[PDB]
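Chemist: Below is one structure. I have some questions about it.
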Amino acid sequence: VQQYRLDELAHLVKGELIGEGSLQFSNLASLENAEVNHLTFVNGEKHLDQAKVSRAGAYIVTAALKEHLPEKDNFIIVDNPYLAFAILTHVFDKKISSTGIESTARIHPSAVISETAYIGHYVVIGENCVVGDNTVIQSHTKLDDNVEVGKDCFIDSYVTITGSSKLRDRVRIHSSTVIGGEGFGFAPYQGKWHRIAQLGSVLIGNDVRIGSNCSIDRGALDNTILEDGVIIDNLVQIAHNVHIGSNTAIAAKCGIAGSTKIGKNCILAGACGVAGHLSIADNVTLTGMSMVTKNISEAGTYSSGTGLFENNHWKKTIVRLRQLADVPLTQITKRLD
Amino acid sequence: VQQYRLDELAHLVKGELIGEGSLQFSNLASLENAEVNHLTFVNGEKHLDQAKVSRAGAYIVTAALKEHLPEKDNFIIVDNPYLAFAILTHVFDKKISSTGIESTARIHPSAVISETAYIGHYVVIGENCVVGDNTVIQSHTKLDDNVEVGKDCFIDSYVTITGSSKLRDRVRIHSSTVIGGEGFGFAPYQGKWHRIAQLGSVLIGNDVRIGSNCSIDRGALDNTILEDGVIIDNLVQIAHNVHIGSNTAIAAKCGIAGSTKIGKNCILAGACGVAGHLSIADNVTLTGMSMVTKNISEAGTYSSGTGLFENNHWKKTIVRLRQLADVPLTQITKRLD
Amino acid sequence: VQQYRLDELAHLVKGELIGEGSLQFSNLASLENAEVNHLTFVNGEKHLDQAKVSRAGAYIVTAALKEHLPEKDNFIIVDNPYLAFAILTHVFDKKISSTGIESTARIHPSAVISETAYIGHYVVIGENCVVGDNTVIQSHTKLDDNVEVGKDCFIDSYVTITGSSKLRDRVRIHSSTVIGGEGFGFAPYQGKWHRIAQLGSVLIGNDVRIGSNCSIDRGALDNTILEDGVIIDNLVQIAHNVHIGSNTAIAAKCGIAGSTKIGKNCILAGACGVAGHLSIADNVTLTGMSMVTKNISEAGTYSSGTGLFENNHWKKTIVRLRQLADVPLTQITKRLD
């Protein structure tokens with residue numbers, strides 16, 4: 001494909017070069033599958049063994065790791081090889097330098113589209129819409145009236161941006177997601193449900209990522225807010241009026257119900273469920289499949305689940321669980337006449 | 001921005017007016033963010049403090065509440081404020097009565113399309129399809145052969161309606177949703193899976209709402225049926241042959257497995273799992289992340305799950321959970337001699 | 001509509017014909033809803049009483065069942081009726097015969113499209129793409145650059161295939177699915193998330209089926225692999241680098257996190273969550289909603305969850321549960337001296 005010298009690659013991550021700076025490199029690769037023209041990284045000493053044996057031509061390493069790799073000659077020394085790696089993934093990433101407006105697209109005459117944005121085939125952009133510089137909007141995607149997309153944004157295919165959602169800069173949203181959809185609002189009467197119109201929108205901050213097949217609903221009256229730097233994997237449900245604080249990560253298949261606020265720097269593992277009208281403090285980490293039903297006021301790590309059981313062990317465990325309510329537990333832990 | 005007089009708004013909800021019936025209002029708003037030109041609603045006495053402090057022009061309240069609101073002058077007195085509010089959200093909802101067939105739609109000559117319907121751009125409609133009066137079918141959506149949509153329906157973009165699904169009146173289905181999809185039929189032989197074709201369909205009642213990123217699979221032989229007034233949030237799995245009773249509500253991320261039947265007036269909270277070939281009786285609420293593996297014969301509220309735990313308390317809780325099988329429980333409660 | 005003779009059908013399943021060979025049949029159907037021109041099947045004695053009352057014209061039964069069915073004259077005998085039924089579903093399943101490329105498609109000239117393939121309306125096919133013989137790409141779907149799709153594949157609408165994904169033969173992918181989208185790769189620095197570009201791809205073997213609304217992310221450096229035979233239901237998350245063994249079945253709504261390997265012939269029930277960097281061995285069955293956090297290294301059936309509880313009972317249970325950690329359980333069953 002296309003080649004990079006080691007010296008350039010070390011300079012790019014602002015690291016100390018060791019070994020022949022003029023060596024060619026085609027790609028990044030894992031320890032196991034790397035070859036000579038491949039640059040790789042050693043993430044802590046758990047991976048020393050795979051490193052020692054790797055056929056990779058150079059190594060992104062910590063200084064205390066370089067000492068444990070005499071077998072090897074060419075290095076890039078940095079304090080955080082993982083972040084240096086992360087930077088360089090983009091150098092090797094094959095880039096979409098595409099620009100201009102595909103003639104099958106339907107852009108309402110009132111919309112402002114930067115001359116360096118890309119609008120895909122069969123994209124539809126409505127009244128008062130704005131798409132910023134170097135923004136990429138892929139094919140079939142639709143932008144409803146009054147939707148604004150900032151700079152350096154990536155929006156893939158079959159994404160719906162509606163409810164006049166407003167997106168800042170460096171926002172990326174993957175295929176088949178819905179931003180700004182009509183949330184689940186229903187009033188009961190005569191044992192039937194009256195639909196509640198949904199009159200709010202969505203604010204989406206800078207540097208925010210959203211996976212595929214996600215549903216981010218627009219607020220019922222105010223806004224659903226995804227603060228700066230929030231990251232969200234595939235198949236997440238974010239209900240109306242959810243407010244997600246800065247740099248919070250939400251793993252695949254989490255569900256955050258209506259009007260809940262999640263603090264800054266929170267980490268939710270796969271398939272957590274958070275009920276409605278709750279606050280979750282800053283710096284809360286929830287492990288896989290946590291069911292949150294009350295508030296969380298203290299920072300920390302929280303969990304729910306029974307863990308894994310062999311099936312028979314399980315069957316008997318849950319029979320004994322069913323019996324616990326009839327057992328006075330603490331009133332025997334200290335019962336001795 | 002179109003205005004409405006306070007006396008009309010009170011008439012529109014069958015409500016008693018108090019205050020200057022000629023006052024102008026742009027929109028509904030929340031207690032916290034309402035301005036002078038905004039109508040709002042106080043839902044029970046838990047919100048009085050937010051209400052008193054609010055800058056809302058007028059108030060939707062009950063008689064028992066207007067009393068505890070001396071601070072305010074113009075009200076609309078109704079018996080269920082939530083429902084009066086629900087009605088008025090539509091009056092402020094950005095109403096779209098577009099009509100006709102966009103010129104980039106691909107429609108089979110054999111399909112019957114009501115003159116009052118709207119077929120959007122890039123819409124594809126197959127043989128013997130019927131789209132009834134006043135139905136909106138948004139851009140990019142597809143209707144396979146023998147699919148029928150009734151009157152006054154809203155079908156959004158990137159919706160697949162297949163397997164000759166039959167949708168009645170006032171049915172609304174949101175984006176990235178698959179109605180009628182081939183269900184999960186696989187017979188085992190020689191340690192491989194023989195795919196079973198699926199020859200059924202889907203009956204979707206009047207007044208049924210389906211969210212985004214949902215999958216409603218057709219029957220293996222008969223029909224998957226969603227009865228009148230069923231409402232379904234985003235990210236729901238309805239498997240082949242599931243039958244859902246009238247006005248049952250199904251929250252986000254629920255999965256209902258093949259051939260199961262859920263009664264009338266049921267409520268399923270977020271992320272429930274209902275296993276195959278079961279009956280759930282009329283009038284059953286399940287709470288969040290509930291796991292149902294047997295029939296539910298009696299009405300009532302049901303639950304599964306541990307609570308949330310701080311992580312160390314979780315780890316030690318589950319260590320002790322694992323020991324529970326080997327521990328005589330009912331043979332020590334009656335053991336006092 | 002379209003008619004078949006009983007003897008043809010008997011022959012199609014390598015089956016002993018009993019009764020009038022020349023009888024006409026339109027369709028399969030259930031024991032409950034079959035009419036004279038419907039063929040049906042009796043699956044063991046459990047369904048015998050239903051069969052006795054069926055208006056079905058003919059019955060796919062096994063010898064020791066014909067036995068208990070004197071009420072009925074027309075049969076097809078076979079050793080496994082379910083598999084016989086499955087073979088015949090395809091005979092009645094409406095054939096999708098179409099060939100060619102619709103004019104509303106956009107296909108880059110450097111793409112190779114078989115003359116026996118169908119490219120549906122509005123499809124977008126990128127550079128260096130390959131589409132095999134008899135493959136169907138339904139309307140609206142997109143293939144990005146370097147995507148390859150084998151022979152006899154079916155790929156429904158609003159599918160995104162990207163990340164240079166490679167698909168073998170007889171792969172079928174349902175609607176709203178995203179194959180090979182950027183995985184959840186993020187580095188932490190200064191309490192921010194730096195995005196990690198995702199450089200691998202996806203290999204999908206022969207005879208793989210994927211449901212609707214699924215996300216199958218590309219690998220970080222190496223590939224995400226679905227081996228031959230793998231079947232995956234609707235709404236599943238398969239993270240970057242997940243490796244899934246031949247003939248494994250993944251039920252609706254499962255999540256497998258990054259870098260997890262899953263052996264051959266596994267069965268995961270609906271809504272399981274498997275954590276990252278784990279091994280599950282060949283022949284493992286998980287029951288609905290299991291949470292795997294450690295490697296499972298022996299074949300067997302595994303589970304997690306509490307039972308379903310009536311709600312009051314549930315609340316007392318979790319209170320007792322919470323008390324469990326403070327109670328020594330093994331030190332009291334062995335307390336008698």
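The way I read the labels, and the way they are meant: chains A, B, ... in the order of the structure tokens, residue 1 as the first residue of every chain, and ligand 1 as the first ligand shown, with later ones counted on from there.
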Can you tell me which residues surround residue 308 (chain C) at a distance of at most 8 Å, considering only C-alpha atoms, apart from same-chain residues fewer than 6 positions away, and format the answer as a list in words?

Modeler: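 Result of the neighbour search: residues 290, 291, 292, 293, 302, 303 and 304 of chain B.
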
Chemist: Hey, what's within 10 Å of residue 139 (chain A) if we count only C-alpha atoms and toss same-chain stuff fewer than 2 positions away? As a ChimeraX atom specification, please?

Modeler: /A:102,104-105,118-124,136-137,141-142,155-159,175 /C:122-124,140-142

Chemist: Based on only C-alpha atoms, which of the residues in chain C come within 7 Å of chain B? I want them as an NGL selection string.

Modeler: :C and (29-30 or 83 or 86 or 89-90 or 93 or 158 or 175-176 or 212-213 or 229 or 233-234 or 247 or 305-311 or 314 or 318 or 324-325 or 333)

Chemist: Next, the residues of the selection above should be written as a compact mmCIF listing (two decimals), in the first residue's frame with N, CA, C and O atoms.

Modeler:
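Result file out.txt:
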# COMPACT_ATOMS: atom_id res chain seq x y z
N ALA C 29 -49.73 -26.06 7.08
CA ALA C 29 -50.50 -25.32 8.10
C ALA C 29 -50.42 -26.05 9.42
O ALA C 29 -49.97 -27.18 9.47
N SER C 30 -50.84 -25.38 10.49
CA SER C 30 -50.89 -25.97 11.82
C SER C 30 -52.05 -26.95 11.92
O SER C 30 -53.07 -26.80 11.20
N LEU C 83 -38.05 -32.49 10.45
CA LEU C 83 -37.12 -32.25 9.36
C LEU C 83 -37.79 -32.39 7.98
O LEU C 83 -37.50 -31.62 7.06
N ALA C 86 -39.71 -29.31 7.55
CA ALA C 86 -38.80 -28.25 7.22
C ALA C 86 -38.41 -28.29 5.74
O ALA C 86 -38.30 -27.23 5.10
N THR C 89 -41.35 -26.72 3.74
CA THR C 89 -41.60 -25.29 3.92
C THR C 89 -41.05 -24.53 2.73
O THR C 89 -41.70 -23.62 2.23
N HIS C 90 -39.87 -24.94 2.27
CA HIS C 90 -39.24 -24.30 1.11
C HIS C 90 -39.96 -24.53 -0.21
O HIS C 90 -39.90 -23.70 -1.09
N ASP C 93 -42.71 -21.89 0.28
CA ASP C 93 -42.11 -20.54 0.38
C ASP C 93 -42.03 -19.88 -1.01
O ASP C 93 -41.48 -20.47 -1.96
N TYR C 158 -31.61 -2.04 3.95
CA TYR C 158 -31.06 -1.21 5.01
C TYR C 158 -30.00 -1.97 5.76
O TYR C 158 -29.86 -1.82 6.97
N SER C 175 -32.78 -7.48 7.77
CA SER C 175 -32.87 -6.03 7.61
C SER C 175 -32.27 -5.21 8.75
O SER C 175 -32.18 -5.69 9.90
N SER C 176 -31.85 -3.99 8.43
CA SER C 176 -31.26 -3.06 9.41
C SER C 176 -30.01 -3.58 10.10
O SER C 176 -29.74 -3.21 11.25
N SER C 212 -32.26 -9.30 12.09
CA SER C 212 -32.46 -7.92 11.80
C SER C 212 -31.96 -7.14 13.00
O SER C 212 -31.86 -7.69 14.13
N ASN C 213 -31.65 -5.85 12.76
CA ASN C 213 -31.09 -4.99 13.79
C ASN C 213 -29.89 -5.60 14.54
O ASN C 213 -29.82 -5.51 15.78
N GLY C 229 -22.04 -22.15 9.29
CA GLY C 229 -23.18 -22.71 10.00
C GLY C 229 -23.76 -21.79 11.05
O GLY C 229 -24.96 -21.87 11.31
N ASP C 233 -29.77 -14.64 15.90
CA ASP C 233 -31.09 -14.04 15.84
C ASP C 233 -31.02 -12.50 15.76
O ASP C 233 -29.93 -11.91 15.67
N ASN C 234 -32.20 -11.87 15.81
CA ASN C 234 -32.34 -10.43 15.75
C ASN C 234 -31.66 -9.75 16.90
O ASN C 234 -31.48 -10.34 17.97
N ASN C 247 -21.55 -23.73 13.51
CA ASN C 247 -22.86 -24.21 13.96
C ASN C 247 -23.35 -23.76 15.33
O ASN C 247 -24.23 -24.40 15.93
N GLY C 305 -29.37 -15.84 37.24
CA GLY C 305 -30.64 -15.21 37.48
C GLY C 305 -31.22 -15.67 38.79
O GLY C 305 -30.76 -16.65 39.39
N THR C 306 -32.21 -14.94 39.25
CA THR C 306 -33.03 -15.35 40.37
C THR C 306 -34.24 -16.01 39.72
O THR C 306 -34.36 -16.01 38.48
N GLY C 307 -35.16 -16.56 40.48
CA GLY C 307 -36.38 -16.99 39.79
C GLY C 307 -37.16 -15.77 39.33
O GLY C 307 -36.68 -14.63 39.46
N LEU C 308 -38.36 -15.99 38.79
CA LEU C 308 -39.39 -14.94 38.81
C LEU C 308 -40.02 -15.03 40.20
O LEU C 308 -40.17 -16.13 40.74
N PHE C 309 -40.33 -13.89 40.82
CA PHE C 309 -40.98 -13.85 42.14
C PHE C 309 -42.24 -13.01 42.04
O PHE C 309 -42.29 -12.07 41.24
N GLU C 310 -43.25 -13.31 42.85
CA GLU C 310 -44.30 -12.32 43.06
C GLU C 310 -43.55 -11.18 43.70
O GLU C 310 -42.57 -11.41 44.40
N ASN C 311 -43.98 -9.95 43.44
CA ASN C 311 -43.22 -8.77 43.87
C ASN C 311 -42.93 -8.61 45.35
O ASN C 311 -41.81 -8.27 45.70
N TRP C 314 -40.40 -10.84 46.30
CA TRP C 314 -39.14 -10.46 45.73
C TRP C 314 -38.42 -9.49 46.64
O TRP C 314 -37.21 -9.65 46.92
N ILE C 318 -34.75 -9.88 48.42
CA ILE C 318 -33.54 -9.09 48.20
C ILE C 318 -33.02 -8.45 49.48
O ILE C 318 -31.83 -8.22 49.62
N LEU C 324 -27.06 -11.46 53.51
CA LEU C 324 -26.34 -12.74 53.40
C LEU C 324 -24.85 -12.67 53.62
O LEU C 324 -24.28 -13.56 54.21
N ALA C 325 -24.22 -11.61 53.14
CA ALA C 325 -22.78 -11.45 53.29
C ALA C 325 -22.32 -11.44 54.75
O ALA C 325 -21.29 -12.04 55.07
N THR C 333 -23.77 -24.71 59.70
CA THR C 333 -24.27 -26.06 59.38
C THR C 333 -23.35 -27.13 59.99
O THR C 333 -23.77 -28.27 60.24

Chemist: So that I can see what lies close to residue 206 (chain B), please list as a list in words the residues with an atom at most 12 Å from it, counting only C-alpha atoms and leaving out residues fewer than 5 positions away in the same chain.

Modeler: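 Once the nearby chain positions are removed, what remains is residues 149, 150, 151, 152, 153, 166, 167, 168, 169, 170, 171, 172, 225, 226, 227, 228, 229, 230, 231, 246 and 247 of chain B.
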
Chemist: Output C-alpha atoms for every residue in the selection just made, as an mmCIF file, in the first residue's frame.

Modeler:
data_model
loop_
_atom_site.group_PDB
_atom_site.id
_atom_site.type_symbol
_atom_site.label_atom_id
_atom_site.label_comp_id
_atom_site.auth_asym_id
_atom_site.auth_seq_id
_atom_site.Cartn_x
_atom_site.Cartn_y
_atom_site.Cartn_z
ATOM 1 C CA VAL B 149 -51.575 -0.534 5.781
ATOM 2 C CA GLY B 150 -54.910 0.915 6.964
ATOM 3 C CA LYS B 151 -56.179 4.501 7.415
ATOM 4 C CA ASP B 152 -54.430 7.274 9.370
ATOM 5 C CA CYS B 153 -51.134 5.374 9.830
ATOM 6 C CA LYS B 166 -51.606 -6.584 7.812
ATOM 7 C CA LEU B 167 -51.746 -3.328 9.718
ATOM 8 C CA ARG B 168 -55.061 -1.711 10.519
ATOM 9 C CA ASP B 169 -55.950 1.904 11.374
ATOM 10 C CA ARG B 170 -54.082 4.509 13.437
ATOM 11 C CA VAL B 171 -50.942 2.339 13.552
ATOM 12 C CA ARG B 172 -47.611 4.052 14.007
ATOM 13 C CA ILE B 225 -50.614 -10.941 16.405
ATOM 14 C CA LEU B 226 -50.471 -7.591 18.219
ATOM 15 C CA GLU B 227 -53.988 -6.776 19.388
ATOM 16 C CA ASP B 228 -55.663 -3.285 19.410
ATOM 17 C CA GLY B 229 -53.931 -0.540 21.395
ATOM 18 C CA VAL B 230 -50.665 -2.361 22.084
ATOM 19 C CA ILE B 231 -47.746 0.014 22.593
ATOM 20 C CA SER B 246 -55.091 -5.417 23.931
ATOM 21 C CA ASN B 247 -53.513 -2.265 25.380
#

Chemist: Would you mind writing down, as a count of residues only, each residue of region 2-104 of chain C that DSSP on the backbone assigns to strand (DSSP E or B)?

Modeler: 22

Chemist: Can you list, as number ranges by chain, every residue of region 75-223 of chain B that DSSP puts in alpha helix (DSSP H)?

Modeler: B: 81-92

Chemist: Env of region 58-65 of chain A: 6 Å cut, atoms = only C-alpha atoms, seq-sep filter 4 positions within chain, self excluded. Answer as a ChimeraX atom specification.

Modeler: /A:39-42,74-79,81

Chemist: Based on the selection just made, write N, CA, C and O atoms of those residues as a PDB file, in the first residue's frame.

Modeler:
ATOM      1  N   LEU A  39       4.374  -2.679  12.410  1.00  0.00           N
ATOM      2  CA  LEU A  39       4.701  -2.088  13.698  1.00  0.00           C
ATOM      3  C   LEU A  39       3.649  -2.529  14.723  1.00  0.00           C
ATOM      4  O   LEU A  39       2.464  -2.597  14.426  1.00  0.00           O
ATOM      5  N   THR A  40       4.083  -2.828  15.933  1.00  0.00           N
ATOM      6  CA  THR A  40       3.210  -3.447  16.905  1.00  0.00           C
ATOM      7  C   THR A  40       3.429  -2.761  18.237  1.00  0.00           C
ATOM      8  O   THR A  40       4.311  -1.905  18.337  1.00  0.00           O
ATOM      9  N   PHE A  41       2.648  -3.114  19.260  1.00  0.00           N
ATOM     10  CA  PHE A  41       2.877  -2.535  20.591  1.00  0.00           C
ATOM     11  C   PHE A  41       2.763  -3.531  21.743  1.00  0.00           C
ATOM     12  O   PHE A  41       2.016  -4.498  21.681  1.00  0.00           O
ATOM     13  N   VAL A  42       3.529  -3.290  22.793  1.00  0.00           N
ATOM     14  CA  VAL A  42       3.565  -4.192  23.920  1.00  0.00           C
ATOM     15  C   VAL A  42       2.884  -3.484  25.066  1.00  0.00           C
ATOM     16  O   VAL A  42       3.421  -2.512  25.605  1.00  0.00           O
ATOM     17  N   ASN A  74      14.467  -2.365  17.045  1.00  0.00           N
ATOM     18  CA  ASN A  74      13.764  -1.129  16.757  1.00  0.00           C
ATOM     19  C   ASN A  74      12.593  -0.878  17.695  1.00  0.00           C
ATOM     20  O   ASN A  74      11.714  -1.728  17.835  1.00  0.00           O
ATOM     21  N   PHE A  75      12.594   0.282  18.347  1.00  0.00           N
ATOM     22  CA  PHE A  75      11.528   0.656  19.272  1.00  0.00           C
ATOM     23  C   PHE A  75      11.058   2.101  19.114  1.00  0.00           C
ATOM     24  O   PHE A  75      11.748   2.950  18.543  1.00  0.00           O
ATOM     25  N   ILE A  76       9.881   2.368  19.666  1.00  0.00           N
ATOM     26  CA  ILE A  76       9.428   3.713  19.945  1.00  0.00           C
ATOM     27  C   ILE A  76       9.070   3.730  21.431  1.00  0.00           C
ATOM     28  O   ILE A  76       8.178   2.992  21.859  1.00  0.00           O
ATOM     29  N   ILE A  77       9.785   4.541  22.215  1.00  0.00           N
ATOM     30  CA  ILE A  77       9.556   4.628  23.668  1.00  0.00           C
ATOM     31  C   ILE A  77       8.654   5.817  23.998  1.00  0.00           C
ATOM     32  O   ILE A  77       8.924   6.939  23.562  1.00  0.00           O
ATOM     33  N   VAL A  78       7.596   5.556  24.763  1.00  0.00           N
ATOM     34  CA  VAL A  78       6.616   6.553  25.189  1.00  0.00           C
ATOM     35  C   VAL A  78       6.139   6.180  26.581  1.00  0.00           C
ATOM     36  O   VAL A  78       6.299   5.032  27.003  1.00  0.00           O
ATOM     37  N   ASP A  79       5.527   7.113  27.298  1.00  0.00           N
ATOM     38  CA  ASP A  79       5.007   6.743  28.609  1.00  0.00           C
ATOM     39  C   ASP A  79       3.739   5.907  28.520  1.00  0.00           C
ATOM     40  O   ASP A  79       3.474   5.107  29.421  1.00  0.00           O
ATOM     41  N   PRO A  81       2.119   3.565  25.726  1.00  0.00           N
ATOM     42  CA  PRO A  81       2.202   2.995  24.389  1.00  0.00           C
ATOM     43  C   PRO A  81       0.821   2.798  23.775  1.00  0.00           C
ATOM     44  O   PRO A  81       0.695   2.873  22.557  1.00  0.00           O
TER      45      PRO A  81
END

Chemist: Which neighbours of region 43-50 of chain C fall inside 7 Å, counting only C-alpha atoms, when residues of the same chain fewer than 3 positions from it are skipped, and could you give them as a list in words?

Modeler: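 Everything that qualifies: residues 31, 32, 53, 54, 81 and 82 of chain C.
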
Chemist: Please dump the current selection as a short mmCIF file (atom, residue, chain, number, x, y, z; two decimals), in the first residue's frame; keep N, CA, C and O atoms.

Modeler:
data_model
loop_
_atom_site.label_atom_id
_atom_site.label_comp_id
_atom_site.auth_asym_id
_atom_site.auth_seq_id
_atom_site.Cartn_x
_atom_site.Cartn_y
_atom_site.Cartn_z
N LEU C 31 -51.92 -27.93 12.81
CA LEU C 31 -53.03 -28.80 13.16
C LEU C 31 -54.34 -28.01 13.42
O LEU C 31 -55.40 -28.44 12.96
N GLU C 32 -54.26 -26.88 14.13
CA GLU C 32 -55.45 -26.09 14.47
C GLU C 32 -56.15 -25.48 13.28
O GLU C 32 -57.38 -25.44 13.23
N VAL C 53 -58.56 -33.97 15.37
CA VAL C 53 -59.64 -32.99 15.23
C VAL C 53 -59.32 -32.04 14.07
O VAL C 53 -60.12 -31.17 13.71
N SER C 54 -58.14 -32.21 13.50
CA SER C 54 -57.68 -31.35 12.42
C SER C 54 -58.48 -31.62 11.16
O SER C 54 -58.80 -32.77 10.85
N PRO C 81 -40.42 -36.37 11.16
CA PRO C 81 -41.40 -35.46 10.55
C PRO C 81 -41.06 -33.97 10.61
O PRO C 81 -41.43 -33.25 9.70
N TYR C 82 -40.38 -33.53 11.66
CA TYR C 82 -40.04 -32.11 11.81
C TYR C 82 -39.09 -31.69 10.68
O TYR C 82 -39.32 -30.68 10.01
#

Chemist: Which residues come within 7 Å of residue 265 (chain A), counting only C-alpha atoms, excluding same-chain residues fewer than 2 positions away, as a list in words?

Modeler: residues 246, 247, 248, 263, 267, 282 and 283 of chain A

Chemist: Between CA of residue 260 (chain C) and CA of residue 210 (chain C), what is the distance in Å, rounded to a tenth?

Modeler: 18.5 Å

Chemist: So, counting only C-alpha atoms, which residue among C:13, C:266, C:232, C:1 is closest to residue 209 (chain C)?

Modeler: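 When distances to residue 209 (chain C) are compared using only C-alpha atoms, the smallest one comes from C:232.
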